[PDB]
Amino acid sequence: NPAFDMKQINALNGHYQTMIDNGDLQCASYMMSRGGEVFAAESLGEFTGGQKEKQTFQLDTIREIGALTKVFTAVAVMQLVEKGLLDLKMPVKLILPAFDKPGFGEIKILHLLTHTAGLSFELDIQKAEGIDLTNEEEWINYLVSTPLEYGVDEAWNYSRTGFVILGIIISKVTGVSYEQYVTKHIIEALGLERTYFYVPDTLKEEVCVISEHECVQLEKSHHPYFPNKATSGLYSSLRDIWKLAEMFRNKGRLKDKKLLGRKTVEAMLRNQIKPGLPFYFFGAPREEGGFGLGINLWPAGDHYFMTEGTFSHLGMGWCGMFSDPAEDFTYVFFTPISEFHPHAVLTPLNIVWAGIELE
């Protein structure tokens, strides 16, 4: 039915299981679908937050998704454009008057979504003496007192800061907090059953944590240094991340639940970066690739097995979602790990797409 070589599932399971046996992976889980129907899904290993003993990693285990939160923020911004409350070419200074100054006055909402606003990767918590970084009025003022790294449309520079600003813009346009809007108009509207900005207490023991810092953050009521959780901070499960990726592949709809129009998703999924722009990530330059309206179009094509047009997004954790529209294929995974290793996060993509068969 799904037209998938099941020998690659054994290769995928054996790949994750070997890393868990060698000690460079506590747990691992994945979920893949053809035509909107999951045909393979497995969870491996156990986890501990360093203060307990191991408990079984399951397919419905809740875990922080990190940068995947940016995809929720992107959907929320585009929902407000559909309503006529925002425009992508709006200068940020129109919404946040603290941006009406040299440098910041040229930043538009489009720049924030595409990481071309010239912002640094992140803001400083050390130089913020006596500043409440979780307070929105002070975090913005401290931001505009920091010089910009580039001018607008000068380079693709991945920035946690850009999407915190988007979360503030959402808050100022809708009259409610960023977390309230996303919860109402995305989480409950798409029907996500195990997705929370703050896990209820009856579910905290069901959250996969691999460090004490993750246990500490699980009990926290706010982000430790941001006025919102628009760049990171969402807890979710495989099934919910799969639904979000399927919503994009179906161009805004998931059966009876609709989050966006199909023309809006088509805009989100086409390359929005000017040609020739240099790409940077954490100060280090990376290979140039397509990037949409908060959605990554790289890696795809070239020497990768994913078809051109495959959209994706990764998150520190690690986790990721990859959907191939040409193959009607979607793959999401949880690989909880503290350090990054391409053999543990990127290599399984070769194993999965090598199993895709015709039809």
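Start at 1 with the first residue shown and count on from there.
Averaged over Cα atoms, the B-factor as recorded in the entry is higher for 129 to 137 than for the other of 187 to 195 and 129 to 137. Mean CA B-factor, 204 to 212 versus 261 to 269: the higher value falls on 204 to 212. Comparing the C-alpha B-factors of 223, 253, 243, 172 in the entry, the top value falls on 223.
Across the options 148, 76, 88, 247, the residue with the most elevated CA B-factor in the record is 148. The PDB entry assigns residue 352 a C-alpha temperature factor belonging to the lowest third of its chain's modelled residues. Per the deposited record, the Cα B-factor of residue 83 falls in the middle third when ranked against the other modelled residues of its chain. Among the modelled residues of its chain, residue 66 has a C-alpha B-factor that falls in the lowest third, as given in the PDB entry.
Ranked against the other modelled residues of its chain, the C-alpha B-factor of residue 92 as given in the entry falls in the middle third. The deposited CA B-factor of residue 155 belongs to the highest third of values across its chain.
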